[PDB]
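Remarks on the overall topology
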Amino acid sequence: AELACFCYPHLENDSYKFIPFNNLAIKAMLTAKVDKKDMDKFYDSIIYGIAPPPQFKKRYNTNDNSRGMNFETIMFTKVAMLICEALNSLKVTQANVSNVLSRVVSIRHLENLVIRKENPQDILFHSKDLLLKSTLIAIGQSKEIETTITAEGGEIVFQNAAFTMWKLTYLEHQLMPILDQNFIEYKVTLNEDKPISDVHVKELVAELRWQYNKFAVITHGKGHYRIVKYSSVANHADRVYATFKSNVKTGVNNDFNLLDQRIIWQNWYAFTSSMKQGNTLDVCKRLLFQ
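The name the PDB entry gives the protein chain is Non-structural protein 2, with Simian 11 rotavirus as the organism. Its UniProt record gives the protein chain a comment under Cofactor, which states: "Mg(2+)".

1. Quick look at the domain arrangement of the protein chain
Assigned domains within the protein chain: domain 1 (1-147) and domain 2 (148-290). Counting across the domain 1 and domain 2 interface gives 1 salt bridge. With its nearest N and O atoms 2.6 Å apart, the salt bridge here joins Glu-146 to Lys-187. Where the side of domain 1 that touches domain 2 is concerned, the elements lending two or more residues are α2 (74-89), α4 (107-118), α5 (123-126) and α6 (128-138).

2. Notes on the UniProt feature "binding site: ATP" in the protein chain
Sites flagged by UniProt as "binding site: ATP" map to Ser-106, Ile-107, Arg-108, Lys-187, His-220, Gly-221, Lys-222 and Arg-226. Residue placement: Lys-187 occurs in strand β9 (residues 185-190). A polar contact of 3.2 Å, which involves the side chain of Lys-187, links it to the side chain of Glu-152. With respect to the element layout, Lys-222 can be found in the loop between β10 (218-219) and β11 (224-228). Those residues in contact with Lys-222, other than ones at most four positions away along the chain, are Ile-145, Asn-257 and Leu-259.

3. Describing the UniProt feature "active site" in the protein chain
Here the UniProt feature "active site" sits at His-224. Tracing the backbone through its elements, the reader meets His-224 in strand β11. Overall, the relative accessible area of 3% leaves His-224 in the buried class. Discounting chain neighbours no more than four positions away, the residues touching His-224 are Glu-146, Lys-187, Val-188, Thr-189, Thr-219 and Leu-259.

4. Digging into the packing of helix α8 (residues 233-245) against helix α9 (residues 266-275)
Close contact between α8 and α9 brings their axes to 11 Å; oriented N to C, the two are set at 20 degrees. Taken together, the axes of α8 and α9 are roughly parallel relative to one another. Judged by the sense of rotation from one axis to the other, the crossing of α8 with α9 is right-handed. Residues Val-233, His-236, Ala-237, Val-240, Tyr-241 and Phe-244 of α8 form the contact with α9, whose participating residues are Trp-268, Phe-271 and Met-275. Its residues assigned to classes, the contact of α8 with α9 comprises 8 nonpolar, 1 polar and no charged.

5. Points about the nonpolar core
What tends to happen in soluble globular proteins is that the nonpolar side chains get buried as a cluster. Ranked by internal contacts, the top residues of the largest apolar core, which has 42 residues, are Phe-6, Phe-18, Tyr-60, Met-69, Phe-76 and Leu-110. Looking at this core, the elements with two or more residues in it are β1 (7-8), α1 (23-29), α2, α3 (97-102), α4 and α6. Per element, the largest residue contribution to this core is 8 residues, and it comes from α2. The contacts of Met-69, once residues within four sequence positions are left out, are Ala-1, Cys-5, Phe-6, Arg-59, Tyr-60, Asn-61, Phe-76, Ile-107, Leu-175 and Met-176. Counting residues in each nonpolar core, the second largest holds 33 residues, with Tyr-186, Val-201, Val-240 and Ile-264 among its members.

So, how was this worked out
Residues numbered from 1 in each chain as written, not as in the entry; some residues may be left out. Heavy atoms only, no water. UniProt positions renumbered as here; feature names shortened; annotations may be inferred. Domains from an automatic or database assignment. Salt bridge = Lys/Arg side-chain N within 4 Å of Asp/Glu carboxyl O. Helix = DSSP H or I, 4+ residues; strand = E, 2+ residues; numbered from the N terminus. Polar contact = N/O pair within 3.5 Å; in protein donor to acceptor, adjacent residues only side chain to side chain. Contact = heavy atoms within 4.5 Å. Buried < 20%, exposed > 50% of the residue type's maximum accessible area, 1.4 Å probe, protein only. Axes fitted to C-alpha atoms, helices over the stretch in contact; angles between N-to-C directions. Parallel < 35°, antiparallel > 145°, perpendicular 65-115°, else oblique. Left-handed = near helix turned anticlockwise from the far one by under 90°. Nonpolar A, V, L, I, M, F, W, Y, C, P; charged D, E, K, R; others polar. Core = buried A, V, L, I, M, F, W, Y, C linked by side-chain atoms within 4.5 Å.

See the structure below:
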């Protein structure tokens, strides 16, 4: 969803502060008949304060929408203040307020950061500094990339000298849980950004092949491998293309870190090679199944 599904600006104290939405304001807006002209304008149930613009109607699970988010749950507010603390840590301009709020993000990445910030054993719980950084990134407002120390989370099912492997817990999620029940996915963050020895690299690869032999080793182009089962590489291919599709829109500095050919599954390396290098849909797609 867009950042504007969760909060709304407020030019107060001579700059912009972000206030979270009352799940009932939203709920009120969802029943409103509004003018075509204000569909992108912040809604006002008079009872429950401000709501998001009624265009984000489908991003919210309703009676006739199972495809959106569960905005009524405790999880909702938690995420919303998460985002709110982060944005308010930036001082955002009139210039940016629109793209910042229209910024398409991962609910699920954010819910996992909630779960991290809150469990006392995690440093996130203790270092606010670190928390912000993890949020700013998942929100796409930092130069930096996801290291292990700043990772979305889940259960570490393997830890290395230069990797940490997370099991993604998306079935049990509360704000926007994975509705498919087969689902199994892991991601592998790099402990640091630095160069990685053949000892470490081979170890990781040894792990991946004994333990997770049934899994495709892929990447979405940031600093880390998602570890998907072989039946998903498909949906994964199309999605990764579409975001490189919006290169036809500069400011999306499309640094596709096609990581170490040693870990990345060979066909993904083939596929990603073509696309990152200007090729069309089909000469890319064909590399993947050959």
